[PDB]
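# A look at the structure
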Amino acid sequence: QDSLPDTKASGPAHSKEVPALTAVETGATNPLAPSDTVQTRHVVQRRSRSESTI
Amino acid sequence: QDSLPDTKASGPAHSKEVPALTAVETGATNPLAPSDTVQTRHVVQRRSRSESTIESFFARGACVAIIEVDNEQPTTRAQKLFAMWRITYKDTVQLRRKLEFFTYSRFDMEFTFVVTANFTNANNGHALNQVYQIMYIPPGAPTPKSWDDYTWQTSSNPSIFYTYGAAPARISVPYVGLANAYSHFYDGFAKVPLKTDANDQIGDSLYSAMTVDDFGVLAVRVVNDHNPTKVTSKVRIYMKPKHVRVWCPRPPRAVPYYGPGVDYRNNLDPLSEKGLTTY
Amino acid sequence: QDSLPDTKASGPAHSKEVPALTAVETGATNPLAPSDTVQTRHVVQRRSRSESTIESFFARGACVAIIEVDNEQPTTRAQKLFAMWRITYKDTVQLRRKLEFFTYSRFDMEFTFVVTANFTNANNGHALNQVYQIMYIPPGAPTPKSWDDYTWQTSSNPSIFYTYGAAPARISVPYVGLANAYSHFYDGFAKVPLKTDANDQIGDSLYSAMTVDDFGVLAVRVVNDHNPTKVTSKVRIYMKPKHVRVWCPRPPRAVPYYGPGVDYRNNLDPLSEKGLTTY
Amino acid sequence: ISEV
Amino acid sequence: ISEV
Amino acid sequence: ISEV
Amino acid sequence: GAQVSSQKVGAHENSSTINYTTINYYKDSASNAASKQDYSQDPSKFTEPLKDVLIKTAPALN
Amino acid sequence: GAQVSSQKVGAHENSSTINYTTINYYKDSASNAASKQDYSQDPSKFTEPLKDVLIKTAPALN
Amino acid sequence: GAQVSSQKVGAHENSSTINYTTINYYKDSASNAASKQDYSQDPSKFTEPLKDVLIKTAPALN
Amino acid sequence: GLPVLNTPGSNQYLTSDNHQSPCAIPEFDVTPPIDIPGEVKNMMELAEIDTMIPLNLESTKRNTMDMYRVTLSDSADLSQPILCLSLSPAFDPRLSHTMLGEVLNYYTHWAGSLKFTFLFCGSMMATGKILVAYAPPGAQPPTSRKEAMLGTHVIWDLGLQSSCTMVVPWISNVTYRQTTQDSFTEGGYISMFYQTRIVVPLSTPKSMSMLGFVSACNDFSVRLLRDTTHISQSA
Amino acid sequence: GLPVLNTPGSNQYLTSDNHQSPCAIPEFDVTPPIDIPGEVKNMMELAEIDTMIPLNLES
Amino acid sequence: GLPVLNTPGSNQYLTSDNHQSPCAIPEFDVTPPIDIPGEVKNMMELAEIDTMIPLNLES
Amino acid sequence: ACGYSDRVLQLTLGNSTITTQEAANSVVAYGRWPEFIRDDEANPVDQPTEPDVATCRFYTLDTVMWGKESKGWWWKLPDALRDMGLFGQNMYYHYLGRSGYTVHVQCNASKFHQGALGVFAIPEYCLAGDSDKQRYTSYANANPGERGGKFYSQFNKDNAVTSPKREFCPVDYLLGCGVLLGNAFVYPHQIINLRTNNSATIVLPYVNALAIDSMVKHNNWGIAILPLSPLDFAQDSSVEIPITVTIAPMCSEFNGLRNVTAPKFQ
Ligand SMILES: CCOC(=O)c1ccc(OCCC2CCN(c3ccc(C)nn3)CC2)cc1
Ligand SMILES: CCOC(=O)c1ccc(OCCC2CCN(c3ccc(C)nn3)CC2)cc1
Ligand SMILES: *C(=O)CCCCCCCCCCCCC
Ligand SMILES: *C(=O)CCCCCCCCCCCCC
Ligand SMILES: *C(=O)CCCCCCCCCCCCC
């Protein structure tokens, strides 16, 4: 099996966790996903990156 | 075992069961058999529907294109030193009609290329054997302007190098659709005109058409440098669907095709004259 | 083991058993052997009838047709740019006579195609290698009017694409009969004249003939566009029955064939003159 | 192998 | 295989 | 043989 | 990795189950020939799309 | 799915049962070569179609 | 020495794991075709080369 | 180098073949199937679905909506046939273009039982009894109810059950008939007559339409795929 | 690509040969055999049946 | 000599194919791999790395 | 038991109820009842909107009159419903929307009237056009909304090259699409035969090559109503009865919310 990560059913938010905020100065890229900034449904992912292998 | 249902020995009737009567208004077809309306014997059936499977029905290489390409001295005007063909089953009518018995289809595609060539002019000496280059250019990739320009370097596009006289070229292509099935018919548009638009051309589109370049093109050229004498050639493309699945049945085309959509123009009179009480 | 019955050491006789006497009126053949009419030794027989099996007897590719086809400039008159041949074993006499040793037959058929070509005219330059298209047109399917018309698109008809110089083309065909066996002879008609008929042509038919198109035709063309100089070609068709079964034995044809039925015309004198008491 |  |  |  | 199956014998030679062998040479399944052992199904979704599917001997409209 | 059988050896080299191997490549049995191991039968249906088949040593007509 | 593996079937014919067979004919491995069963890895060395890699929900700079 | 010997047929291209070949786009990530409604596995499924027969192809009636409408009336000549038709499912004009006839024109041979269902589209106050028949081939095609009576037949009585099905039973000499016309493999005759007559009351239309439908029974099969005469193309 | 070497006889057509070849009509539903009377398995069966000799071939 | 039959596609060259072929330099002593930092296994790794957008393409 | 029938139905959806005392059973198109997009067939990742009873209810379209000259009527879905209460709003405020439907077609008359309506539900109902021009029918003319369209008895070509009508020309016996009407029965259908039934009830699943699509760019189903047998009554040559189409969305779900789409129907 080589499919990509499934999408999670994510809900409403009121917290002190702020993933939408970051600091690119550090050299890193924010590891975010739709479920961090918007309400998502559960999608079972079948797509794979087989053609883009080296 | 794949044979059809045996016939039952059925006898005389005097009952309140009336299978001969029905009501087609309901939308259904009466599931009747000879044994419901007549006395039948017992027949052991050996006949099977093996040739009419969706696979067997399409399992044949159909001609969908003739690409004409020449090899001659590159002069300074419109010539055919290379050719391009938008991949499609619609330039031809025969396979088009079979696939159109259905709304949706999903299959792998086999392409077989029959190359033929000949001498144009009575005589300027002859030609050594020609090698042909068929390059698939997927939408987005650079289209050749010249028969020997850089796009033919083909670093990532699939290319076939065919040698004249050899067994016809053959390749397979996976199910490459942007959707879960190829749509043989699309009751829609690719763009919608909005009230807020500046001109009314912005949101204008061809009815029933989806993507502009849909699957891309096949570019053909003779890799050989020109001989003194000219050689004209034809790449015949045969298409065969394999590992086939089909959905939602449609009536067969009854009048001659008029372009890519369902449009008709003429010969709208498909049926013959025959008398009501004539056999 | 498939050898024939051994010979028995048989001795002198003085008995009331008279095997030498019989009565052919009964319809039967006397099942005699040397040991019934003469003193024999014991011979262990190794000989076998392996070459005379129904399969071995037919197991050979026989020429049943020569289809002549040209590739030349399409002019405006009767030409051979494409040809058609009603499939049959009856255009030739040799295989026809072997299959006719029997009334009924059931087999699979192998077809091998020997293509040969040549230059017609002393010299108009030359020709690049020709590719041939053999299309089977089953009864009902559209017959070509033109060498490059739409029927050659061949979406559902079986077609062979042969390249000159390559090993002869070959294909197999299943038992395709409308009945449980191919009839080599049909003592009947396809239509019957009824008293109530308007003209007496309505119910008229060819004696011993069954279906009009019986198995269909093979259409042949050169897929190549015409060279300046003309190339004439011949497709020789070899037929071989395999997985063969035969019924009801018939006497061999003793006089020259006169058409598809059993009709004779001339050379009705098959036997030589030889004296009654001459060795 | 795989025999059906 | 199948040996006769 | 070697079956993965 | 050889695949073995029974041919459906039509015209039988005077000699019973006869088999044929198949092997895939390519990684991409699109490259494969057609197996042609195709199963069938009911006409029903098309010949009787009814919510109350009724028995052929009883009145169609009751 | 390979088929193996004994050849009927005619001229024996100075070296016993020798075999040959056969494999069918095609699904359609019509595509197959000829097995040529053909069994035989009696002439009887043709040489003696009689309702009372009699013994060769007894009078044909009794 | 035959190598057997599962194809990833895309468009399924109306007939399940389908396999393909591979055999190397040459001693030098450079002569071999490409296996194309390629494993992947994390973007991390590139997307987060950090000495203290932090959790996406906590402040990037604390 | 394995010693091999090339046989006849080597390097030909047969349209009908079944072989492997190199994949032009290696490792392509194929879009998965979704469960779409309406899937077909065999073309005979479509020939089993009832479709309207163009039963009336008279001069002004053909290639118009009236070709599907057979007129019945309380004053029709009772001696005469309502309709007559030949059992040639792919060739006879009335049948050739139905879904049944249309699949059969892609095949050289057919076999099996057929069925004809007739719809009375008259007003509810209209009554009637009709004889519909099938005569297996070989005799005079029926010109009178008296002759039609003698063969396979259904006596339809018009009432709450609007429609009547006549099964044409597979009765044939050959194991498969042909899809084109041919006396050797001919199927016979279909004909219809009033058994009594259409009776209406007053203030009721005295004339109405009958619709006819055809489909194949489950014993029906077809063979030898071929190209149809029902579609073509000009240069 | 399996390394092969073509031998003599490659690409000839011998009338007497026994080989497989592609089926031109795939999946054709073949009509079954019925038990017909009079079947022959070997041509010598016919030569074993008595037939009338043209013993007198005078002018 | 094994009886074989050549199919369509025989002797073509497809840019996209995957086949074996003779090694031009037999038994060459190949230099071993060393563990180099920065290895990539899939091109989508690079598209996942943040890069600066030319957001202002005015004249 | 009690006295139930194939001809007496009650359809209840949301705050709407339909009763019929003379139906002909009911068709479930291709044997599939409408359903929601499953997680393993899902494609847009954003949480969908499911308005349930506020959008999945019976909208009655403007009535058409069947008369002796009537050649046929046609509607497209979702187009017919683009302005139907909260359904239309959900349809235009979201990029993506799927829907199943219950189609209920109404035509009553009397034991003395006569005629037969062919009610057809067609997947991807592509119609033919006006002109010499191929695939030239404009979005505005392709989509009549509630008003629907009509069939014609013959192909009268839109002749004026200068200012083209860019309309459809649907010829009845060619189903307006190049095939013959007698074969339209391979599609999900019912017949309103006036001596048998007042109505037809076809239930429709979402049919498409995608799990979900743009409802504004694309119609999934087409409703074609062609008189198989003409309207006739007593001897009055200008008879006329109403045909009323009532449609309900089913299992409607929406994805990709943003500002409202305002199409130009001018
Ligand atoms: C929307 C209607 O059209 C179709 O359904 C339909 C039409 C054409 C189809 O073919 C697949 C598209 C292409 C994709 C790749 N392709 C190739 C690829 C490589 C080579 C050498 N030659 N051809 C050629 C065909 C598949 C489906
Ligand atoms: C009634 C007397 O004739 C026969 O018995 C008899 C005569 C001919 C026979 O051949 C079988 C019929 C056809 C069927 C198909 N066919 C084909 C099919 C495909 C191709 C490429 N080429 N030929 C050619 C032969 C079989 C039997
Ligand atoms: C399973 O297939 C194991 C048995 C293999 C037998 C030998 C096959 C020889 C041909 C190998 C084909 C390799 C194709 C890439
Ligand atoms: C039974 O046949 C299993 C053994 C197979 C041995 C390898 C055969 C290699 C050739 C396979 C032929 C495939 C033909 C379509
Ligand atoms: C492992 O491979 C053992 C099984 C071999 C089966 C027969 C293969 C026939 C082809 C051999 C190829 C030799 C190549 C140099």
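Now for a quick tour of the structure. Residue positions are given from 1 per chain in written sequence order; they need not agree with the entry numbering, and residues without coordinates are hidden. Here chains are named by letter from A upward and ligands by number from 1 upward, in the order in which they appear as written. This view holds some of the chains of a larger assembly, and the values cover only those chains. Hydrogens and water are ignored here; the side-chain numbers use all heavy atoms of the structure.

### Here we look at the overall build of chain A
To qualify as a helix, a DSSP run of H or I must reach at least 4 residues; to qualify as a strand, a run of E must reach at least 2; elements of each kind are numbered from the N terminus. Tallying secondary structure elements over chain A gives 1 helix and 0 strands in all. What the globule rule says is 2.2 Å times the number of residues to the power 0.38, and the radius of gyration is computed from C-alpha atoms. Its C-alpha atoms give chain A a radius of gyration of 15 Å, clearly above 10 Å, the size a compact globule of 54 residues would have. Overall, chain A is about 40 × 30 × 15 Å in size when its C-alpha atoms are taken along their principal axes. Looking at the 54 residues of chain A, the share that counts as buried comes to 22%. Looking at chain A alone, contacts between residues at least 24 apart form 79% of all its contacts between residues at least 6 apart. Working definition of accessibility: Shrake-Rupley area with a 1.4 Å probe, residue cover restricted to the visible protein chains. As displayed, chain A has an accessible area near 3800 Å², and 52% of this comes from carbon and sulfur atoms. Across chain A, the centroid of the 6 positively charged side chains sits 8 Å from that of the 6 negatively charged ones. Only protein chains enter the accessibility calculation, which uses a 1.4 Å probe. A residue is then buried if its area is under 20% of the maximum for its type, exposed if over 50%, and partly exposed in between. The criterion used for residue contact is that any of the two residues' heavy atoms lie within 4.5 Å. The charged-residue count follows a simple rule in which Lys and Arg add positive charge and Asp and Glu add negative charge, with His and chain termini not counted at all. Think of each charge as sitting on NZ of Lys, CZ of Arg, CG of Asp or CD of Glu.

### Looking at a nonpolar patch on the surface
For patch detection, residues must exceed 30% relative accessible area and be free of salt bridges, and they are connected within 9 Å for like charges or within 5 Å for nonpolar side chains (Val, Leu, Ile, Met, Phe, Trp, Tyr). Take a side-chain nitrogen of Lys or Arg and a carboxyl oxygen of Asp or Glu: if they are within 4 Å of each other, that pair is a salt bridge. On the surface, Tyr25(H), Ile23(I), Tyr25(I), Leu2(J), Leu2(K), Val4(K) and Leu2(L) cluster together into a nonpolar patch covering about 620 Å² of accessible area. Along the chain, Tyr25(I) falls in the loop between β2 (19–22) and α1 (44–47). On the accessibility criterion, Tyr25(I) (36% relative accessible area) is partly exposed.

### Considering the interface of chain J and chain C
Taken together, the 35 residues of chain J in the interface contact 37 residues of chain C. Once two parts are put together, the accessible area they lose, assessed with a 1.4 Å probe and summed over both, is termed the buried area. Per-residue buried area on chain J facing chain C is highest for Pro8(J), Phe184(J) and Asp227(J); these three make up 21% of the total on that side. On inspection of chain J and its partner chain C, the count reaches 0 salt bridges. In protein, a polar contact requires one atom able to donate a hydrogen and another able to accept it; more generally it is a pair of N or O atoms within 3.5 Å, and residues adjacent in sequence count only if both atoms are side-chain atoms. Our count for the contact surface shared by chain J and chain C stands at 12 residue pairs in polar contact. Only β2 (13–14), β7 (107–111) and β15 (221–225) of chain J provide two or more residues apiece to the side of chain J that touches chain C.

### Some points on the pattern of salt bridges
Considering all chains together, one arrives at 58 salt bridges over all chains under this definition. Note that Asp204(B) and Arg166(M) form a salt bridge whose closest N and O atoms lie 3.0 Å from each other. With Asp204(B) in the loop between β8 (182–183) and β9 (217–222) and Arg166(M) in the loop between β9 (149–150) and β10 (189–193), this residue pair bridges two chains. The partly exposed category is assigned to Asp204(B), whose relative accessible area is 31%. Accessibility expressed as a relative area gives 17% for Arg166(M), which makes it buried. The salt bridge partner of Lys129(J) is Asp157(J), with a shortest N-O separation of 2.8 Å. Of this pair, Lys129(J) sits in strand β9 (residues 129–135) while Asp157(J) sits in strand β10 (residues 152–157), placing them 28 residues apart in sequence. For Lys129(J), a relative accessible area of 31% corresponds to the partly exposed category. According to the relative accessible area criterion, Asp157(J) is partly exposed, its value standing at 40%.

### Notes on the side chain of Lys41(L)
On the secondary structure map, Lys41(L) appears in the loop between β2 (13–14) and α1 (44–47). Not counting chain neighbours up to four residues away, the residues in contact with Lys41(L) comprise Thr53(A), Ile54(A), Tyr39(I), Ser40(I) and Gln41(I).

### Describing the sheet that holds strand β1 (residues 4–6) of chain K
Read across the open sheet, the 3 strands follow the order β1(K)-β1(J)-β1(L); overall the sheet is parallel. Every interior strand has two partners, whereas the edge strands, β1 of chain K together with β1 (2–4) of chain L, have only one. Averaged over all pairs of adjacent strands, the angle between strand axes in this sheet comes to 45°, irrespective of strand direction. Two strands are counted as paired when DSSP detects at least two bridges linking them. Only C-alpha atoms enter the line fits that serve as axes; for helices the fit covers just the stretch in contact. Angles between N-to-C directions range over 0 to 180 degrees.

### Some thoughts on the site of ligand 5
Residues are labelled near a given molecule or strand when at least one of their non-hydrogen atoms is within 4 Å of it. The immediate surroundings of ligand 5 are formed by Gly1(I), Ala2(I), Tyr25(I) and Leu2(K). Residues close to ligand 5 are split across chains I and K. Here an oxygen atom of ligand 5 and a backbone polar atom of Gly1(I) are 2.2 Å apart. In this structure, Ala2(I) approaches ligand 5 through a main-chain N or O atom, which is 3.0 Å from an oxygen atom. Summarising the interface, the protein chains cover 41% of the accessible area of ligand 5, which totals 470 Å² for the free molecule. Classifying every residue of the shell around ligand 5 gives 3 nonpolar, 1 polar and no charged. When residue character is reported, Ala, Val, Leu, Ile, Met, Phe, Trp, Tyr, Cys and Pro are called nonpolar, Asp, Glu, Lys and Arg charged, and the others, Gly included, polar.

### Points about the state of the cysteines
Residues and elements named next belong to chain M. A pair of sulfur atoms, both from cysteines and within 2.5 Å, is called a disulfide here. Enumeration over the complete set of coordinates arrives at 0 disulfides over all chains. No disulfide involves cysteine 177; its sulfur sits 8.7 Å from the nearest other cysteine sulfur, which is in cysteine 126. A relative accessible area of 11% means that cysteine 177 is categorised as buried.

### Quick word on the interface of chain J and chain B
On the chain B side, the residues contacting the 95 residues of chain J number 79 residues. Approximately 7500 Å² of surface area, both sides summed, lies buried where chain J meets chain B, with 58% of it carried by carbon and sulfur atoms. Summed over the shared surface of chain J and chain B, the number is 4 salt bridges. Here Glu39(J) ties to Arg245(B) by a salt bridge, and the two come within 2.9 Å at their closest N and O atoms. For the pair chain J and chain B, the interface holds 44 residue pairs in polar contact. Take the side of chain J that touches chain B: its biggest share by element is 5 residues, from β15(J). Residues that form the side of chain J that touches chain B fall into these classes: 51 nonpolar, 31 polar and 13 charged.

### Points about the arrangement of the chains
By contact count, the dominant pairing among the 34 pairs of chains in contact is that of chains B and J. One finds no contact linking chain A with chain E; the least C-alpha distance across the pair is 34 Å. In this assembly chain E lies apart from chain G, the nearest approach of their C-alpha atoms being 10 Å.

### Considering the sheet that holds β2(J)
With antiparallel pairing, 5 strands are arranged side by side in an open sheet as β2(C)-β8(C)-β4(C)-β5(C)-β2(J). Each of the sheet's edge strands pairs with one partner strand only, and the pair in question is β2 (82–86) of chain C together with β2 of chain J. As judged from the 5 bridges shared by strand β4 (residues 131–137) of chain C and strand β5 (residues 159–163) of chain C, these two strands associate in the antiparallel manner. Directly across from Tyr132(C), in β5(C), lies its bridge partner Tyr162(C).

### Brief notes about the site of ligand 1
Residues and elements named next belong to chain B. By nearness alone, 13 residues border ligand 1, and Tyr89, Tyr136, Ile171, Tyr182 and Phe215 come closest of all. The protein chains hide 94% of the 620 Å² of surface that ligand 1 would expose on its own. Broken down by secondary-structure element, the contributors of at least two residues to the shell around ligand 1 are β7 (169–173) and β8. Its residues assigned to classes, the shell around ligand 1 comprises 12 nonpolar, 1 polar and no charged.

Function-wise, these values are silent; they only describe arrangement.
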